[PDB]
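Enquirer: My structure is below; once you've seen it, I'll send some questions.
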Amino acid sequence: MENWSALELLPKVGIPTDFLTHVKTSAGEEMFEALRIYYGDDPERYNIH
Amino acid sequence: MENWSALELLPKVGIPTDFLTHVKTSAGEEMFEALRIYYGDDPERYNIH
Amino acid sequence: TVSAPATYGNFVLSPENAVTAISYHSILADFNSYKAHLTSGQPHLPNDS
Amino acid sequence: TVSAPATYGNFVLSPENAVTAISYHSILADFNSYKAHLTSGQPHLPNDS
Amino acid sequence: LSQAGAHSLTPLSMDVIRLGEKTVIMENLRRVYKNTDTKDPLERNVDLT
Amino acid sequence: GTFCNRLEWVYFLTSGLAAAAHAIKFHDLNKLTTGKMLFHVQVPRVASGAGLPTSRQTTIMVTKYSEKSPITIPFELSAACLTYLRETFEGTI
């Protein structure tokens, strides 16, 4: 289980991410391998170990 | 649990070690927390993944 | 006619990545650009590794 | 009368240590010195961090 | 045999003591059996019946 | 009513117990979990005699650890001192 805070805080490459279906549909119907969906604004990105 | 390969590959510093008793006794009586005592020449420090 | 790539491009390990390969068993590609844009604050990399 | 250190031991973090801190949840102290002495060839540092 | 070799001379500082104007060399072999696997033969066991 | 304002200030570096320590200031300890100090030591052999069981090279890899310790102190302020410090009032003496 990867460190999603490392994905959050590291600077990202801006990509025109345009897949076919809706985003929630492609997530919740399990297109990708390991999903991680926070709905609010998680403070787990702010704790560094 | 402990990456003992990084101890054998990274360049160390040179310190005058002064154990209290004999060092094999302090190893065999478990003063320290994590040990990697062995004999011979382990090739474990070579298969880097 | 199309302008094809003549040879395969090369991804090489920067020597920053060797220490992470030894210690933490991972390679974070394009390490110096991540370091620069993390100490600069600019959140968008110009391109991907 | 003896000589006493009039300052605290100020000790900073390197930026690539911050990158390793974000990505791998770990810190290797004096990362530039380790990275230099790895690719150089000498296995004995002057001193620790 | 006295002719055989021992040509040059090098200085070294040791600890010597006066024994009735017969000076002798103090020496301890602790540092040669410091962290070895054998027994220091200057230690001994004596039986009394 | 009056007060008293004589205090014997002591310092960690001026005290003799600083000889026991090596004081280091590092501003991001709150993100630190555990600090390890791993050691590698190989033993010197001694050449064996005739017919004895002989040793071989033995390396020993140990690892020290750090200990966390939080210290604190509470202290309070009156509300009248707060409204005096946040704003001054004109008036008499």
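Order determines the names: the first chain of the structure tokens is A, the second B, and so forth; residues in each chain are numbered 1 upward, and ligands are numbered 1 upward as they are shown.
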Check every residue of chain A for an atom within 9 Å of chain D, counting only C-alpha atoms, and provide those that qualify as a list in words.
Expert: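 Residues satisfying the distance criterion: residues 3, 5, 6, 7, 9, 10, 48 and 49 of chain A.
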Enquirer: Using the selection just defined, write its residues with N, CA and C atoms as an mmCIF file, in the first residue's frame.
Expert:
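Generated file (again_8.cif):
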```
data_model
loop_
_atom_site.group_PDB
_atom_site.id
_atom_site.type_symbol
_atom_site.label_atom_id
_atom_site.label_comp_id
_atom_site.auth_asym_id
_atom_site.auth_seq_id
_atom_site.Cartn_x
_atom_site.Cartn_y
_atom_site.Cartn_z
ATOM 1 N N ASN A 3 2.436 5.158 -0.387
ATOM 2 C CA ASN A 3 2.350 6.388 0.385
ATOM 3 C C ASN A 3 1.736 7.470 -0.491
ATOM 4 N N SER A 5 0.576 10.269 0.385
ATOM 5 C CA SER A 5 1.100 11.587 0.720
ATOM 6 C C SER A 5 2.305 11.944 -0.136
ATOM 7 N N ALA A 6 3.100 10.946 -0.525
ATOM 8 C CA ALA A 6 4.229 11.204 -1.409
ATOM 9 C C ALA A 6 3.753 11.630 -2.787
ATOM 10 N N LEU A 7 2.639 11.069 -3.245
ATOM 11 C CA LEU A 7 2.046 11.520 -4.496
ATOM 12 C C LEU A 7 1.465 12.916 -4.351
ATOM 13 N N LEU A 9 2.361 15.501 -2.141
ATOM 14 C CA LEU A 9 3.265 16.621 -1.915
ATOM 15 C C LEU A 9 4.298 16.795 -3.016
ATOM 16 N N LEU A 10 4.611 15.746 -3.767
ATOM 17 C CA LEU A 10 5.580 15.880 -4.842
ATOM 18 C C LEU A 10 4.962 16.641 -6.010
ATOM 19 N N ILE A 48 4.428 13.704 8.163
ATOM 20 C CA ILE A 48 5.619 13.157 7.533
ATOM 21 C C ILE A 48 6.397 12.384 8.585
ATOM 22 N N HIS A 49 6.817 11.173 8.241
ATOM 23 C CA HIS A 49 7.481 10.285 9.178
ATOM 24 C C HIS A 49 8.927 10.075 8.763
#
```
Enquirer: Could you give me chain D least-squares fitted onto chain C (all C-alpha atoms, paired in order), as a JSON list (two decimals) with N, CA and C atoms, in the first residue's frame?
Expert:
```
[["chain", "number", "residue", "atom", "x", "y", "z"],
["D", 1, "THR", "N", 5.55, 8.84, -46.57],
["D", 1, "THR", "CA", 6.70, 8.61, -45.71],
["D", 1, "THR", "C", 6.60, 9.45, -44.44],
["D", 2, "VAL", "N", 6.74, 8.79, -43.29],
["D", 2, "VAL", "CA", 6.62, 9.44, -42.00],
["D", 2, "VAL", "C", 7.99, 9.52, -41.36],
["D", 3, "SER", "N", 8.09, 10.36, -40.33],
["D", 3, "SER", "CA", 9.32, 10.49, -39.57],
["D", 3, "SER", "C", 9.33, 9.50, -38.43],
["D", 4, "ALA", "N", 10.42, 8.75, -38.31],
["D", 4, "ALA", "CA", 10.51, 7.71, -37.30],
["D", 4, "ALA", "C", 11.70, 7.98, -36.40],
["D", 5, "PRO", "N", 11.59, 7.65, -35.12],
["D", 5, "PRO", "CA", 12.75, 7.80, -34.22],
["D", 5, "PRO", "C", 13.82, 6.77, -34.56],
["D", 6, "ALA", "N", 14.97, 7.27, -35.01],
["D", 6, "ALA", "CA", 16.04, 6.39, -35.45],
["D", 6, "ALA", "C", 16.85, 5.82, -34.30],
["D", 7, "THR", "N", 16.59, 6.23, -33.07],
["D", 7, "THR", "CA", 17.33, 5.74, -31.92],
["D", 7, "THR", "C", 16.38, 5.10, -30.91],
["D", 8, "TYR", "N", 16.94, 4.23, -30.08],
["D", 8, "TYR", "CA", 16.21, 3.76, -28.92],
["D", 8, "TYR", "C", 16.11, 4.87, -27.88],
["D", 9, "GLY", "N", 15.23, 4.65, -26.91],
["D", 9, "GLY", "CA", 15.07, 5.58, -25.82],
["D", 9, "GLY", "C", 16.07, 5.38, -24.71],
["D", 10, "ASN", "N", 17.29, 5.88, -24.90],
["D", 10, "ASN", "CA", 18.31, 5.75, -23.87],
["D", 10, "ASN", "C", 17.91, 6.53, -22.63],
["D", 11, "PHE", "N", 18.07, 5.91, -21.47],
["D", 11, "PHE", "CA", 17.57, 6.46, -20.22],
["D", 11, "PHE", "C", 18.44, 5.94, -19.09],
["D", 12, "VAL", "N", 19.10, 6.86, -18.39],
["D", 12, "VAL", "CA", 20.17, 6.52, -17.47],
["D", 12, "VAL", "C", 19.63, 6.67, -16.04],
["D", 13, "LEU", "N", 20.40, 6.18, -15.08],
["D", 13, "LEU", "CA", 20.10, 6.36, -13.67],
["D", 13, "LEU", "C", 21.03, 7.41, -13.06],
["D", 14, "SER", "N", 20.46, 8.28, -12.23],
["D", 14, "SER", "CA", 21.18, 9.30, -11.49],
["D", 14, "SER", "C", 21.90, 8.67, -10.30],
["D", 15, "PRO", "N", 23.00, 9.27, -9.82],
["D", 15, "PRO", "CA", 23.71, 8.66, -8.68],
["D", 15, "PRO", "C", 22.93, 8.69, -7.39],
["D", 16, "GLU", "N", 22.18, 9.76, -7.12],
["D", 16, "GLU", "CA", 21.37, 9.75, -5.92],
["D", 16, "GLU", "C", 20.17, 8.81, -6.06],
["D", 17, "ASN", "N", 19.75, 8.52, -7.29],
["D", 17, "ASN", "CA", 18.83, 7.41, -7.48],
["D", 17, "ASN", "C", 19.48, 6.09, -7.11],
["D", 18, "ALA", "N", 20.78, 5.94, -7.36],
["D", 18, "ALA", "CA", 21.46, 4.73, -6.92],
["D", 18, "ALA", "C", 21.55, 4.66, -5.40],
["D", 19, "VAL", "N", 21.69, 5.81, -4.75],
["D", 19, "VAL", "CA", 21.71, 5.84, -3.29],
["D", 19, "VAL", "C", 20.36, 5.43, -2.72],
["D", 20, "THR", "N", 19.27, 5.98, -3.28],
["D", 20, "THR", "CA", 17.94, 5.57, -2.86],
["D", 20, "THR", "C", 17.66, 4.11, -3.21],
["D", 21, "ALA", "N", 18.25, 3.63, -4.30],
["D", 21, "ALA", "CA", 18.08, 2.25, -4.70],
["D", 21, "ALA", "C", 18.73, 1.30, -3.71],
["D", 22, "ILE", "N", 19.90, 1.66, -3.21],
["D", 22, "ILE", "CA", 20.55, 0.84, -2.21],
["D", 22, "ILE", "C", 19.81, 0.92, -0.89],
["D", 23, "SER", "N", 19.46, 2.13, -0.46],
["D", 23, "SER", "CA", 19.03, 2.31, 0.91],
["D", 23, "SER", "C", 17.56, 1.97, 1.13],
["D", 24, "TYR", "N", 16.69, 2.34, 0.20],
["D", 24, "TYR", "CA", 15.25, 2.22, 0.43],
["D", 24, "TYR", "C", 14.56, 1.29, -0.55],
["D", 25, "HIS", "N", 15.33, 0.56, -1.37],
["D", 25, "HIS", "CA", 14.83, -0.39, -2.37],
["D", 25, "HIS", "C", 13.88, 0.27, -3.37],
["D", 26, "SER", "N", 14.06, 1.55, -3.65],
["D", 26, "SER", "CA", 13.12, 2.24, -4.53],
["D", 26, "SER", "C", 13.87, 3.24, -5.41],
["D", 27, "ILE", "N", 13.17, 3.67, -6.45],
["D", 27, "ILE", "CA", 13.72, 4.58, -7.46],
["D", 27, "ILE", "C", 12.69, 5.67, -7.71],
["D", 28, "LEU", "N", 13.10, 6.92, -7.55],
["D", 28, "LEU", "CA", 12.30, 8.05, -7.98],
["D", 28, "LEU", "C", 12.96, 8.64, -9.21],
["D", 29, "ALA", "N", 12.30, 8.51, -10.35],
["D", 29, "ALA", "CA", 12.88, 8.93, -11.61],
["D", 29, "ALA", "C", 12.97, 10.45, -11.68],
["D", 30, "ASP", "N", 14.11, 10.93, -12.20],
["D", 30, "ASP", "CA", 14.47, 12.35, -12.29],
["D", 30, "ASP", "C", 14.48, 13.01, -10.91],
["D", 31, "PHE", "N", 15.36, 12.50, -10.05],
["D", 31, "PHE", "CA", 15.43, 12.95, -8.66],
["D", 31, "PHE", "C", 15.91, 14.39, -8.54],
["D", 32, "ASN", "N", 16.81, 14.82, -9.43],
["D", 32, "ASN", "CA", 17.30, 16.20, -9.37],
["D", 32, "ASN", "C", 16.19, 17.19, -9.70],
["D", 33, "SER", "N", 15.34, 16.86, -10.66],
["D", 33, "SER", "CA", 14.26, 17.76, -11.04],
["D", 33, "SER", "C", 13.21, 17.84, -9.94],
["D", 34, "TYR", "N", 12.88, 16.71, -9.33],
["D", 34, "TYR", "CA", 11.95, 16.70, -8.21],
["D", 34, "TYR", "C", 12.51, 17.47, -7.02],
["D", 35, "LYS", "N", 13.80, 17.29, -6.73],
["D", 35, "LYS", "CA", 14.42, 17.97, -5.61],
["D", 35, "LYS", "C", 14.52, 19.47, -5.86],
["D", 36, "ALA", "N", 14.73, 19.88, -7.10],
["D", 36, "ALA", "CA", 14.77, 21.30, -7.40],
["D", 36, "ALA", "C", 13.38, 21.91, -7.31],
["D", 37, "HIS", "N", 12.39, 21.27, -7.91],
["D", 37, "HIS", "CA", 11.06, 21.85, -7.95],
["D", 37, "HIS", "C", 10.34, 21.77, -6.61],
["D", 38, "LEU", "N", 10.79, 20.91, -5.71],
["D", 38, "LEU", "CA", 10.24, 20.90, -4.37],
["D", 38, "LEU", "C", 10.66, 22.16, -3.62],
["D", 39, "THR", "N", 11.97, 22.36, -3.46],
["D", 39, "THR", "CA", 12.48, 23.48, -2.69],
["D", 39, "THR", "C", 12.31, 24.81, -3.40],
["D", 40, "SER", "N", 12.07, 24.78, -4.71],
["D", 40, "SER", "CA", 11.84, 26.01, -5.45],
["D", 40, "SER", "C", 10.50, 26.62, -5.07],
["D", 41, "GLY", "N", 9.41, 25.95, -5.42],
["D", 41, "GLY", "CA", 8.10, 26.50, -5.17],
["D", 41, "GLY", "C", 7.09, 26.18, -6.26],
["D", 42, "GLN", "N", 7.54, 25.94, -7.48],
["D", 42, "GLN", "CA", 6.58, 25.60, -8.52],
["D", 42, "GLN", "C", 6.15, 24.15, -8.37],
["D", 43, "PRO", "N", 4.85, 23.85, -8.46],
["D", 43, "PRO", "CA", 4.37, 22.47, -8.31],
["D", 43, "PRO", "C", 4.14, 21.73, -9.63],
["D", 44, "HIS", "N", 4.49, 22.31, -10.77],
["D", 44, "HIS", "CA", 4.24, 21.68, -12.06],
["D", 44, "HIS", "C", 5.55, 21.57, -12.82],
["D", 45, "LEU", "N", 5.97, 20.34, -13.10],
["D", 45, "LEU", "CA", 7.16, 20.09, -13.88],
["D", 45, "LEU", "C", 6.91, 20.35, -15.36],
["D", 46, "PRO", "N", 7.97, 20.50, -16.16],
["D", 46, "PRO", "CA", 7.78, 20.49, -17.62],
["D", 46, "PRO", "C", 7.28, 19.15, -18.14],
["D", 47, "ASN", "N", 8.01, 18.08, -17.84],
["D", 47, "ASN", "CA", 7.64, 16.77, -18.36],
["D", 47, "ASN", "C", 8.13, 15.70, -17.40],
["D", 48, "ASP", "N", 7.65, 14.48, -17.63],
["D", 48, "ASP", "CA", 8.04, 13.34, -16.83],
["D", 48, "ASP", "C", 9.39, 12.80, -17.31],
["D", 49, "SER", "N", 9.79, 11.67, -16.76],
["D", 49, "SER", "CA", 11.08, 11.09, -17.09],
["D", 49, "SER", "C", 11.02, 10.07, -18.21]]
```
Enquirer: Give the residues of chain F that lie within 10 Å of chain D; count only C-alpha atoms, and format the answer as a PyMOL selection string.
Expert: chain F and resi 12-16+18-19+22-28+31-35
Enquirer: The selected residues should be written to file as a compact mmCIF listing (two decimals), in the first residue's frame (atoms: N, CA, C and O atoms).
Expert:
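Final output, saved to part.txt:
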```txt
# COMPACT_ATOMS: atom_id res chain seq x y z
N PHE F 12 21.70 25.47 29.99
CA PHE F 12 22.11 24.09 29.76
C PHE F 12 23.56 24.00 29.34
O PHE F 12 24.25 23.04 29.69
N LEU F 13 24.05 24.99 28.60
CA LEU F 13 25.43 24.93 28.13
C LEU F 13 26.42 25.40 29.18
O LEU F 13 27.55 24.93 29.21
N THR F 14 26.01 26.33 30.04
CA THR F 14 26.90 26.81 31.08
C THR F 14 27.06 25.78 32.20
O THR F 14 28.13 25.72 32.83
N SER F 15 26.06 24.93 32.40
CA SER F 15 26.13 23.91 33.44
C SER F 15 27.14 22.82 33.08
O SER F 15 27.43 22.57 31.91
N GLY F 16 27.65 22.17 34.12
CA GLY F 16 28.64 21.12 33.92
C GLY F 16 28.08 19.86 33.30
O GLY F 16 28.85 19.05 32.79
N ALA F 18 26.55 19.74 30.58
CA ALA F 18 26.75 19.80 29.15
C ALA F 18 27.99 19.03 28.71
O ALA F 18 28.10 18.69 27.53
N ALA F 19 28.90 18.74 29.64
CA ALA F 19 30.02 17.86 29.32
C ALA F 19 29.57 16.43 29.09
O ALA F 19 30.24 15.67 28.39
N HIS F 22 26.18 16.25 23.96
CA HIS F 22 26.66 16.90 22.74
C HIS F 22 25.42 17.57 22.16
O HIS F 22 24.70 16.95 21.38
N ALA F 23 25.18 18.81 22.58
CA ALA F 23 23.91 19.46 22.32
C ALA F 23 23.76 19.78 20.84
O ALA F 23 24.65 20.38 20.24
N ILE F 24 22.64 19.38 20.26
CA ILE F 24 22.37 19.54 18.85
C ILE F 24 20.98 20.15 18.71
O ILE F 24 20.04 19.70 19.35
N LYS F 25 20.87 21.20 17.90
CA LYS F 25 19.58 21.83 17.63
C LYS F 25 19.17 21.50 16.21
O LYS F 25 19.86 21.86 15.25
N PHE F 26 18.05 20.79 16.07
CA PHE F 26 17.52 20.38 14.77
C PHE F 26 16.02 20.64 14.79
O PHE F 26 15.30 20.02 15.57
N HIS F 27 15.56 21.53 13.92
CA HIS F 27 14.26 22.16 14.09
C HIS F 27 13.08 21.27 13.73
O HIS F 27 11.94 21.66 13.99
N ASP F 28 13.30 20.11 13.13
CA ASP F 28 12.20 19.29 12.65
C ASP F 28 12.12 17.95 13.37
O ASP F 28 11.94 16.91 12.75
N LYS F 31 8.62 15.87 13.24
CA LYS F 31 8.36 14.92 12.18
C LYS F 31 9.16 13.63 12.33
O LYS F 31 8.92 12.69 11.58
N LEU F 32 10.10 13.58 13.28
CA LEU F 32 10.95 12.42 13.41
C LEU F 32 10.28 11.36 14.27
O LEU F 32 9.67 11.67 15.29
N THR F 33 10.40 10.11 13.85
CA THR F 33 9.86 9.03 14.65
C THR F 33 10.94 8.42 15.52
O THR F 33 10.92 8.58 16.75
N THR F 34 11.91 7.75 14.90
CA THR F 34 12.97 7.05 15.61
C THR F 34 14.27 7.27 14.87
O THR F 34 14.33 7.15 13.65
N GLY F 35 15.32 7.57 15.62
CA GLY F 35 16.62 7.73 15.01
C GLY F 35 17.52 6.56 15.32
O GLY F 35 17.84 6.30 16.48
```
Enquirer: Between CA of residue 31 (chain E) and CA of residue 50 (chain F), what is the spacing in Å?
Expert: 23.7 Å
Enquirer: Could you please write out, as a PyMOL selection string, every residue of region 45-89 of chain F that DSSP assigns to alpha helix (DSSP H)?
Expert: chain F and resi 79-86
Enquirer: Filtering to C-alpha atoms, could you give me those residues as a PDB file, in the first residue's frame?
Expert:
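That gives us out16.pdb:
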```pdb
ATOM      1  CA  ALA F  79      -7.715  39.154  30.379  1.00  0.00           C
ATOM      2  CA  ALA F  80      -6.978  42.679  31.615  1.00  0.00           C
ATOM      3  CA  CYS F  81      -3.326  42.199  30.700  1.00  0.00           C
ATOM      4  CA  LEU F  82      -4.532  41.024  27.281  1.00  0.00           C
ATOM      5  CA  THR F  83      -6.651  44.105  26.639  1.00  0.00           C
ATOM      6  CA  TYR F  84      -3.802  46.263  27.912  1.00  0.00           C
ATOM      7  CA  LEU F  85      -1.266  44.700  25.549  1.00  0.00           C
ATOM      8  CA  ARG F  86      -3.510  44.547  22.468  1.00  0.00           C
TER       9      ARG F  86
END
```
Enquirer: Measure the distance from CA of residue 39 (chain F) to CA of residue 54 (chain F) in Å and round it to one decimal.
Expert: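 Here the two named atoms are 26.0 Å from each other.
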Enquirer: Where does chain E meet chain B within 9 Å, residue by residue, with the nearest atom pair and distance in Å to one decimal for each, counting only C-alpha atoms, listed by chain and rising number, as a Markdown table?
Expert:
```
| residue | atom | partner | partner_atom | distance |
| --- | --- | --- | --- | --- |
| E:34 | CA | B:22 | CA | 7.4 |
| E:35 | CA | B:22 | CA | 5.7 |
| E:36 | CA | B:22 | CA | 8.0 |
| E:37 | CA | B:24 | CA | 8.2 |
```
Enquirer: Write out as a Markdown table a residue-level contact list of chain F versus chain B with cut-off 10 Å: for each qualifying residue the closest pair of atoms and the distance in Å to one decimal, counting only C-alpha atoms, rows sorted by chain and residue number upward.
Expert:
```
| residue | atom | partner | partner_atom | distance |
| --- | --- | --- | --- | --- |
| F:38 | CA | B:7 | CA | 7.5 |
| F:39 | CA | B:7 | CA | 7.7 |
| F:40 | CA | B:7 | CA | 7.1 |
| F:41 | CA | B:17 | CA | 8.2 |
| F:42 | CA | B:23 | CA | 9.5 |
| F:43 | CA | B:23 | CA | 8.1 |
| F:55 | CA | B:39 | CA | 9.4 |
| F:56 | CA | B:40 | CA | 6.7 |
| F:57 | CA | B:40 | CA | 5.8 |
| F:58 | CA | B:39 | CA | 4.8 |
| F:59 | CA | B:37 | CA | 6.0 |
| F:60 | CA | B:37 | CA | 4.5 |
| F:61 | CA | B:36 | CA | 5.0 |
| F:62 | CA | B:35 | CA | 4.9 |
| F:63 | CA | B:34 | CA | 5.9 |
| F:64 | CA | B:32 | CA | 6.7 |
| F:65 | CA | B:33 | CA | 8.2 |
```
Enquirer: Write out as a ChimeraX atom specification which residues come within 12 Å of residue 43 (chain E) when counting only C-alpha atoms, dropping same-chain ones fewer than 3 positions away.
Expert: /E:28-30,33,38-40,46
